[PDB]
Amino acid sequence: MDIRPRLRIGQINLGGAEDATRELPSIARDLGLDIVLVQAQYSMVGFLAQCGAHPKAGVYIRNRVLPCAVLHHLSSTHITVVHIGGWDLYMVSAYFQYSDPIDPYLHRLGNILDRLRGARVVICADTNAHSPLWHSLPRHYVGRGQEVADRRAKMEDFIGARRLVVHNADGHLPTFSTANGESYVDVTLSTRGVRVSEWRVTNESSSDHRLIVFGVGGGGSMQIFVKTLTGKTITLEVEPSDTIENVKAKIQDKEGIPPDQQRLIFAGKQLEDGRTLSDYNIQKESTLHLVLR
């Protein structure tokens, strides 16, 4: 059913362009993206979750059978909120339009985070704000006028107040490249405890913004590798307290191998179904052997 342990996510401001919006299916297919959080889409396409008459944020779900609930009570033209079922993960696409004050967007986003208190939330925002937190250069955030300073301050204050984590990594391409120059205004945030992996800025999109890509898990504290003797590795998000049986059902879901014909082995000992992973001393990045029987 699937070869990957984690969801792969894209984030992109499309610049209102039909061509950029319409190349997204082919980019998601190419890169194995499950979900793209979009801003400034060409809204007259058929494949975005989006709200309102002239939406400026939305969500593209590449594989439509992925359970995805659009939370209508928390969503609007500029902020789309989805639940990626059926545990505690929510994703937010947000467009803070350059021409508007930022404050009403932050008030909206705070309300959302109040309803989703305790939940795993990822926020993909085109902030049109400049901060060293997301690797903006000094010439972008200092000496650019009071409105730039004020937007920066508000965004940084909000991040601190909500104890959000910025995932943008140092050393990557600017997120926004025009004829005036290159800037860093696209931000990937989460609530505390969300594991965001492999964050990078890419050149796949025809937009002036660059496509951000990253991975997110389903809440698993640890990953383990399950290895067959033909060299295939099934990577698995898992909890120390998950039992051997509720790992075999995991392998069945990924690989359609029936549990009663699965034999797992660690530290040269066959693993009994009834026990937990901790019982066997299986920690992060441990490797199990799967044998068919």
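Counting begins at 1, following the sequence as shown.
Student: On mean Cα temperature factor in this entry, is 59-67 or 262-270 the higher one?
Tutor: That would be 262-270.
Student: Comparing 206-214 with 193-201, which has the greater mean CA B-factor as deposited?
Tutor: On average, C-alpha B-factors are higher across 193-201.
Student: By the CA temperature factor listed in this entry, which of these ranks top: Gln50, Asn246, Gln39, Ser26?
Tutor: Most elevated C-alpha B-factor of the set, per the entry: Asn246.
Student: Which of these has the highest Cα B-factor in the record: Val92, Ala169, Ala161, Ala179?
Tutor: The record points to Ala179.
Student: State the tercile, meaning the lowest, middle or highest third, of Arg117 with respect to the CA B-factors recorded for its chain.
Tutor: Highest third - that is where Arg117 ends up once the chain's C-alpha B-factors are sorted.
Student: Per the entry's values, where does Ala129 land by CA temperature factor relative to the rest of its chain, in the lowest, middle or highest third?
Tutor: Lowest third - that is where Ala129 ends up once the chain's C-alpha B-factors are sorted.
Student: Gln97's Cα B-factor: lowest, middle or highest third of the chain?
Tutor: Within its chain, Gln97 is a middle-third residue by C-alpha B-factor, going by the deposited values.
Student: Compare the C-alpha B factor of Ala17 with those of the other modelled residues in its chain, then answer lowest, middle or highest third.
Tutor: Answer is middle: the recorded C-alpha B-factor places it there.
Student: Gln223's Cα B-factor: lowest, middle or highest third of the chain?
Tutor: For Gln223, whose C-alpha B-factor we compare with every modelled residue in the chain, the answer is the highest third.
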